[PDB]
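The residues making up each chain are set out below.
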Number of protein chains: 12
Amino acid sequence: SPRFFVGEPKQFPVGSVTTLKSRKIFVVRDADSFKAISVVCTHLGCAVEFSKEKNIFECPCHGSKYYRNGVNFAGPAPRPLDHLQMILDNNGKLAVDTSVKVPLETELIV
Amino acid sequence: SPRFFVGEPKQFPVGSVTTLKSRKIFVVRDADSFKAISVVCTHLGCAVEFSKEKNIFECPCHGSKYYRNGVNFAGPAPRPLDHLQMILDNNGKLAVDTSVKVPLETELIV
Amino acid sequence: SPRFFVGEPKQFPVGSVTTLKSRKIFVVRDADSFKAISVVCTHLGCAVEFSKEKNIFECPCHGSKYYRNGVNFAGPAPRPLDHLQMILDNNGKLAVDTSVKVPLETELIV
Amino acid sequence: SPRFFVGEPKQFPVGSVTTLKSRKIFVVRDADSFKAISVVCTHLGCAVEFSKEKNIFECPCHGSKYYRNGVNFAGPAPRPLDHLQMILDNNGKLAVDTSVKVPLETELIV
Amino acid sequence: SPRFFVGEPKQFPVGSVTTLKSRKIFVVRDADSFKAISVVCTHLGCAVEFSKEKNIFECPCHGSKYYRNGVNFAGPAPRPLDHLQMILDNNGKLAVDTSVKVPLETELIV
Amino acid sequence: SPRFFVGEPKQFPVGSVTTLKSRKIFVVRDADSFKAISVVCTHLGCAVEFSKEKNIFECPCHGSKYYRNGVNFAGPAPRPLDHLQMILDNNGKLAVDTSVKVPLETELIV
Amino acid sequence: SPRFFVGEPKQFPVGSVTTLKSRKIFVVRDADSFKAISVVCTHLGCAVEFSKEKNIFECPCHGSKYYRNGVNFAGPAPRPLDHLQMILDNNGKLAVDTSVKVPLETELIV
Amino acid sequence: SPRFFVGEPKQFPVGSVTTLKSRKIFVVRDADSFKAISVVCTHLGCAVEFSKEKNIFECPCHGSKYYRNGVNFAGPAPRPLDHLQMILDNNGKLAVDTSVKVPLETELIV
Amino acid sequence: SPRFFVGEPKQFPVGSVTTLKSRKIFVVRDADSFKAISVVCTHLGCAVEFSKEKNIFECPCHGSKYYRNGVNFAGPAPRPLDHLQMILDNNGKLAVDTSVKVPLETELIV
Amino acid sequence: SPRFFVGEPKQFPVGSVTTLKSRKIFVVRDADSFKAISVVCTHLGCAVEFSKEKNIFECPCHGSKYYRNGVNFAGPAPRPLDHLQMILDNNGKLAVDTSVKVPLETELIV
Amino acid sequence: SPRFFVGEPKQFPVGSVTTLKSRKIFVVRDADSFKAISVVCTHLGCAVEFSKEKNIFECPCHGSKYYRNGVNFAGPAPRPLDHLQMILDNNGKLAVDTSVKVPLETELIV
Amino acid sequence: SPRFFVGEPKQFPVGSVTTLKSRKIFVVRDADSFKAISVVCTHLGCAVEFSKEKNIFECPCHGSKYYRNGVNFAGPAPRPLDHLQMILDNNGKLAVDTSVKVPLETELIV
Ligand code: FES
Ligand code: FES
Ligand code: FES
Ligand code: FES
Ligand code: FES
Ligand code: FES
Ligand code: FES
Ligand code: FES
Ligand code: FES
Ligand code: FES
Ligand code: FES
Ligand code: FES
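Parameters and conventions
- Residues numbered from 1 in each chain as written, not as in the entry; some residues may be left out.
- Chains lettered and ligands numbered in written order.
- Heavy atoms only, no water.
- Helix = DSSP H or I, 4+ residues; strand = E, 2+ residues; numbered from the N terminus.
- Contact = heavy atoms within 4.5 Å.
- Disulfide = S-S within 2.5 Å.
- Buried < 20%, exposed > 50% of the residue type's maximum accessible area, 1.4 Å probe, protein only.
- Pairing = 2+ DSSP bridges.
- Buried area = accessible area lost by both parts, 1.4 Å probe.
- Salt bridge = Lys/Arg side-chain N within 4 Å of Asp/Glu carboxyl O.
- Polar contact = N/O pair within 3.5 Å; in protein donor to acceptor, adjacent residues only side chain to side chain.
- Nonpolar A, V, L, I, M, F, W, Y, C, P; charged D, E, K, R; others polar.
- Least-squares fit on C-alpha atoms.

- In terms of determination method and resolution, the entry is listed under X-ray crystallography at 2.80 Å.

Okay, structure coming up:
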């Protein structure tokens, strides 16, 4: 299913990028702002990996690189990573919908 | 309460702008894309009104005017109209969160 | 410190909004009622500025707008500005404690 | 004629002072309370202007100053500005009778 | 009541400035000439205070300053302090009418 | 003895100059502003006379002429005519004190 | 040059206000008392003209008005007209220093 | 109709922009240089307004902005504001002709 | 001058924002969609700069900030950046007309 | 070819709607603003015809009706008529590209 | 140090007066011309402030007023504000030397 | 005899009160402002003496005490010390005229 819960905002450290391999998403929290970024490389579909030390997203298939917000700056990647719809449910749980693409600037503050 | 249901997607005609006075929002449907736009003028807070013939939003207070997308072009309004988070709930009804403002180009496909 | 003096009531004009940039608060006097409003924008935390010309609060970071009482009406601000505890000390000076938030329409009559 | 319409409440911003120079009155809206104040200075009869920046009324003829409520505090003005009868008509229009002067604290809630 | 008695000429020392806080006036005696000066700052209405050593009036709100005669020289004050009507009554007591403002150069000899 | 009552403001037409020969004063009413002007010519002391047509004061002794405000403009008159203290007593009657000279711009509003 | 002669005391009539457009000052003689007053309006600097009939100074730009002593009472002028240093030279001619401003009550008797 | 008087050079402050709404022109004075600028926006013909605070011209219809000299820099305005001919009549009156458009660099020195 | 070529579509990388300082415009390519955006800040006219990492336009003068599409969100900028008419000429190279502003959502696909 | 010329701007009277059957477009002139609107009904593709008497576009197939700007308001038409790219070439004739759709608010000023 | 950097010419709007409060200077840019004006009032040394609304410099200590070019016209200020040395460094940075005063007519064009 | 010179501004240190008993005046220098104050006690005419320690003027005859500006505060002295006319002659020497008394707030800045 594209729609699913990810956890309460407390399960995510401030300034952390959490990788959900099965869900095909990153959960990026900056201060109190939350973002959901897809792991799918925009080149041919490989799974991008985040490096904490380099603070970038890197594709091991053809060397595409993305900044923390997902914008492509190196490699054959032609466009930024897809940002996904993320809401806080009525019971304090974060919900992500991979079927709903959102503009890159979208953020969820808690 | 800023969180509330708005109706099923089919209660909104294709290519129509629906004014929900009580909820102080607009529900704009273009083809199958839905947007939620606040009625509050970004100047001093008056409730703007949509003109179907002129295809623009007009404020009754000092004459600020916005395009269909919410971009301000006339009057002292310094910002575009606020776009609001709108989700499709599993019970088939559209829900709007007034407290969550979203980027201008956000859309929900059905 | 969260606790500090802001001056005597006679130092504040009737119908005035006084910005204490160091203390990061506003002192609002309407007739004989005094209010303490925090400058911290409820969006991402920037310091809002009061527009004497437009009688509203403006945040320069993302364009949030608040009414004189602190209630937001435009921009990404989700909730009204924080009102702070304000007491009249024995020595005739007004004392504000930013650590104690008070309801929106709280007021100190003198 | 001493009776005229001034518009619907939705045409007046919250916390605004509107000058109707032809009608020679002010329309003051605080929250949902409406007040009608005459522009005639109580000194020698000149037309008083409202200063949005200073939140006061000032007469250009001899320098009288009035608080936002119309009470004089500086200049040769002897008594506060006249407040006028303001009614909400059944057709949603605000009606003012400038020949009927009302007490200072009179207000119309909507 | 704006009309009130203030006292006989002998209760005010020669070359003294007497502050009537409750009456919101100054009684200035130079030799045998008496003057009644209002305490209200012509900027936004705060109560100014007289400094005998500096021989000037100072407003505690925004730093407007007035000379002994009431002429403003510092701060945003756009007008001199209001001079008030003062008479010597039948019973030898001075009466002040704050509702009657008099030109700056007015004086009462005894 | 030099203090005396002159009558109620109703006994003086608007825009009229009334000569009180036994009181050696004028009572000038413009709209609702009253002035008390001495009839003593500032040249050698003759009694000046007002012309309702020419709207000026004329001295028949040596041809000195004064404006309605008392300003000398013709003849050997060195000064303007003296303005005198005039108050509205508690019993609604106008009182003039010829022993108390006031600045030329003094006026009494009723 | 700021310093210059304006003539001998007897070249100025008693009770006269003489305008010296060449030097942009007024020479006011009341009996034997002389004053030097600048023509520059304290608002935005226009040349003020004296009306002998009204006995006031008037600015042609935005309607500021001053009394004979220079005190502002009408218009946006926030300060009285500047009074200038004036001495009686040994050779019997009056000298004015425009660069040296003096208190408003200053007078030079000859 | 296209030729009319606007007043004498003494009626315009140094470094001022004067708006003549009834005549649809601006009078700009820098030092002793006078310029006439048309208020007609070069976009679709609305009347532009001068912002004293921002030292720019603003059109309220579609948000075009012009510098003080009339050159457009923002908005759909394609060309700078029209400069109009201004002559100094030999009787001391300034005359403008809105029908005669002149280069932006032309000026009338007095 | 307002009309000029900018080059062929192949000379602009996919997902790139190229700044043409000489012509004071941006050429934005998203996939095969092209856009011409002016560099002039809609506040006071300074040249904004694009941050590839932050994916925003920033004004160096007073801190106005714009999204990739030109929508203003920070600073005193009251309107979005101007979008410009851009054509693909017959000889295969793109042409821009600075004099012709087009709606914000305009795009040229190749 | 979808890129064709239409004539000079003066070939179209002010306030006219010109239907070009062979080119499948409308040319709309309001004052000096030009628009190119496609005749294709957005329902099933019939050629829409304009009515001058009632200032609307009408599809003869199933009764779809559009406002003068192309906005659909009657019939099964789900979206407004397509607006087309229209530029003024160097040779003084307008060029239309039916293959380049533009936003509804696009206009060409001459 | 009296000599310090101010920034790049791109950081200053056209036709602007920029206040560097900590450095006690103004930076005035007209077109491509730059000038530096000291904030020290020539009266007694207080820091003057620029009024964007009135396009003048104001000193709060004794009410001195200066034109935009810095010359005094009202108040006890005896001489115009000081202009300061301003040089363009070969690394593209503007530098001001507080200790080196230059004539008002000196300008730095870029 | 009463019109005598005192010396160049060099010979008076900053913040000093120099007693000239043969000329019977004080010379007070605050920063660059000079004042000439008579030594004659307002009580009966004894020569008061300045105490650099207590920063006051004291009369040895009956205990009258003045503030540094000449304002009387102790003893039977009824009015402040006389301030005398002081001018800077073109040869760099200050000239004092004991026959010309000036307001207390008079100052001479060099
Ligand atoms: S699939 Fe990711 S870089 Fe190619
Ligand atoms: S509140 Fe909408 S234009 Fe002012
Ligand atoms: S921090 Fe205030 S609007 Fe974003
Ligand atoms: S008429 Fe208003 S102050 Fe005189
Ligand atoms: S109220 Fe007195 S200076 Fe502001
Ligand atoms: S006494 Fe009046 S003119 Fe001589
Ligand atoms: S310059 Fe004198 S009132 Fe404006
Ligand atoms: S008419 Fe001025 S911008 Fe449209
Ligand atoms: S000019 Fe761009 S923010 Fe001021
Ligand atoms: S095709 Fe036009 S109404 Fe069906
Ligand atoms: S220091 Fe500026 S006027 Fe006195
Ligand atoms: S003379 Fe000085 S106290 Fe008497």
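1. So, the environment of F:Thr18
Residue and element names in this part refer to chain F.
- Note that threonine 18 resides in strand 2 (residues 16-20).
- Placed 72 residues apart in sequence, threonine 18 and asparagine 90 show a C-alpha to C-alpha distance of 23 Å.
- Not counting residues within four places of it along the chain, the set of residues in contact with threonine 18 comprises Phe12, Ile25, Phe26 and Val27.

2. Digging into the state of the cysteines
All names here are of chain A.
- Under the criterion given, the structure shown has 12 disulfides over all chains.
- In this model, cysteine 46 is linked to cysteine 61 through a disulfide, with the two sulfur atoms separated by 2.0 Å. Looking down the S-S bond of the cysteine 46 and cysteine 61 bridge, the torsion is -85°, so its handedness is left-handed. Separated by 15 residues along the polypeptide, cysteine 46 in the loop between strand 4 (33-38) and strand 5 (49-51) and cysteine 61 in the loop between strand 6 (56-58) and strand 7 (65-66) bring together distant segments of the chain.
- Accessibility expressed as a relative area gives 23% for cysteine 46, which makes it partly exposed.

3. A word on the sheet that holds strand 8 (residues 72-74) of chain L
- Strands sit in the order 5-6-7-8 (chain L) across an open sheet of 4 strands; the sheet is antiparallel. Taken across any chain shown, the strands that pair with only one partner, and hence form the sheet edges, are strand 5 (49-51) and strand 8 of chain L.

4. Observations regarding the interface of chain E and chain D
- Facing the 11 residues of chain E at the interface are 11 residues of chain D.
- Buried area between chain E and chain D, both sides added, is near 830 Å², and the carbon and sulfur share of it is 56%.
- When the buried surface of chain E facing chain D is broken down by residue, E:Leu44, E:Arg79 and E:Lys101 rank first, second and third, together holding 44% of it.
- Here chain E and chain D share 0 salt bridges between them.
- For the pair chain E and chain D, the interface holds 3 residue pairs in polar contact.
- Of the residues belonging to the side of chain E that touches chain D, the class tally is 4 nonpolar, 4 polar and 3 charged.

5. A word on the sheet that holds strand 7 (residues 65-66) of chain K
All names here are of chain K.
- Read from one edge to the other, the open sheet built from 4 strands follows the order 5-6-7-8, with strand pairing classed as antiparallel. Across the chains shown, the open sheet's two edge strands, defined by having one partner strand only, are strand 5 (49-51) and strand 8 (72-74).
- Bridge analysis of strand 6 (residues 56-58) against strand 7 gives 2 bridges, and the strand direction is antiparallel. Within strand 7, the position partnered with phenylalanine 57 by the bridge is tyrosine 66.

6. Considering the pairing of strand 10 (residues 94-102) of chain A
Residues and elements named next belong to chain A.
- In the sheet, strand 1 (residues 3-7) pairs with strand 10 via 4 bridges, with the strands oriented antiparallel. Bridging across to strand 10, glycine 7 finds its partner in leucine 94.
- Bridge analysis of strand 9 (residues 83-88) against strand 10 gives 6 bridges, and the strand direction is antiparallel. Following the sheet pairing, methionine 86 is matched in strand 10 by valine 96.
- A loop of 5 residues connects strand 9 with strand 10, the two strands running antiparallel in sequence, and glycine 92 in this loop sits at a positive phi of about 80°.

7. Some details on the relation of the copies chain E and chain D
- Relative to chain D, chain E is turned by 147° and slid 17 Å along the rotation axis, the superposed coordinates differing by an RMSD of 0.3 Å.
- When the interface residues of chain E are mapped onto chain D, a mere 9% of them again fall at the interface, so the copies present different faces.

8. Description of the pattern of salt bridges
- Inspection of the entire model under this criterion finds 77 salt bridges over all chains.
- Residue H:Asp97 is joined to H:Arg3 by a salt bridge in which the shortest nitrogen-to-oxygen separation is 3.0 Å. Placement of H:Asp97 in strand 10 (residues 94-102) and of H:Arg3 in strand 1 (residues 3-7) is noted, with a sequence separation of 94 residues between them.
- In this structure H:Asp97 comes out as buried when scored by relative accessible area, which is 3%.
- In this structure, H:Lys10 engages H:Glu8 in a salt bridge whose closest nitrogen and oxygen atoms are separated by 3.6 Å.
- H:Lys10 gets classed as partly exposed once you look at its relative accessible area, which sits at 39%.
- Here H:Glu8 falls in the partly exposed class, since its relative accessible area comes to 33%.
- Overlapping salt bridges bring together C:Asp30, C:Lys35, C:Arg68 and C:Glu107 as one network.

9. Some thoughts on the interface of chain I and chain B
- Listed by partner, the interface residues are 11 residues for chain I and 12 residues for chain B.
- Both faces considered, chain I and chain B share a buried interface measuring about 860 Å² in area, 41% of it formed by carbon and sulfur atoms.
- If you sort the residues of chain I by the area they bury against chain B, I:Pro78, I:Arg79 and I:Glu105 come out on top, with a joint share of 46%.
- Seen at the junction of chain I and chain B, the total is 0 salt bridges.
- Where chain I meets chain B, there are 9 residue pairs in polar contact.
- Classifying every residue of the side of chain I that touches chain B gives 6 nonpolar, 3 polar and 2 charged.

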